[PDB]
């Protein structure tokens, strides 16, 4: 395993991290524990969870992911070597059911969320606690460009940062991060930390893959100058970059076959781009999943790649991507496809 030191922190993260959002839905608790054991045996220390997992989310299963991870933590011990990252939900969205009434990123909601997460995770602190998505409407979750809003948000970034600061002082969270944010939002949080002597966010967890490189327009430069580094998610486009859905295929047991609500990587242009990337991989003798992962790993703004797997063989293949280094010729072909299909799946 390779590791990466996050600026302004004591976190040295494994270059690959283990995402967990299927734990409790597609994956059982024994599957979860087998993946956590395997990941740690391969040197991964970063485990990413959320109060809303697993997905697709519903009240009946809400919190099962954290509970499975906590049950594992209780048994395997060596807690201190792990970097357990969780999240507090933004305002309810996408017609999904909330966890709390009139859910917002204010002190009351954050206090409740954090305590419930710590209880399920069976630990007294989180290494990283992340704002899952912004309070204000912005360009995340399928929206490439920003649309002007009329309504000022109900809770400001300073409100949210001040609330988090209390729990950092209390030692319940070591570091704070954001998720599904933008260049404006990151810079505002950083401005506020300096102006008000408040904690400085250290990471942003945003989608990044061959199908959504939009982080490069505004956020990559923030990462270089400010040190807020990317924890990249959905680096296989929900599994589409493996090529498993090409030519109308709907493999049994796969995410998009089971849950047709997941459309983020199913648009017309996206499907054309997937076929093009898989073609590059096949011509260069690469596994499409590994090529997609190695492309994300090599970016200088990526601190860690959050892997997703529903089987042990998938997880083994994905961790083995560490050893793939992309050639100049493959990189140039990728650039050519990206010119034709630019940010197709925001």
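Positions refer to the first chain, counted from 1.
Can you tell me which stretch has the higher mean Cα B-factor, 195-203 or 179-187?
According to the entry, 195-203 carries the higher average C-alpha B-factor.
Can you let me know which of the two, 46-54 or 65-73, has the higher average C-alpha B-factor in the entry?
It is 65-73.
Quiz for you: based on the deposited Cα B-factor, which of 273, 84, 252, 88 is highest?
So the option with the highest C-alpha B-factor is 252.
Per the entry, which of 139, 160, 122, 224 tops the list for Cα B factor?
Checking the PDB record, the top C-alpha B-factor among 139, 160, 122, 224 is at 122.
Once the chain's modelled residues are ordered by C-alpha B factor and cut into thirds, is residue 27 in the lowest, middle or highest one?
Answer is middle: the recorded C-alpha B-factor places it there.
State the tercile, meaning the lowest, middle or highest third, of residue 164 with respect to the CA B-factors recorded for its chain.
It falls in the top third of the chain.
Give the position of residue 110 by CA B-factor within its chain, expressed as the lowest, middle or highest third.
Tercile = middle for this residue's CA B-factor.
Is the Cα B-factor recorded for residue 240 in the lowest, middle or highest third of its chain?
It belongs to the lowest third of the chain when residues are ordered by C-alpha B-factor.
Third of the chain, ranked by Cα B-factor, where residue 172 sits
Tercile = middle for this residue's CA B-factor.
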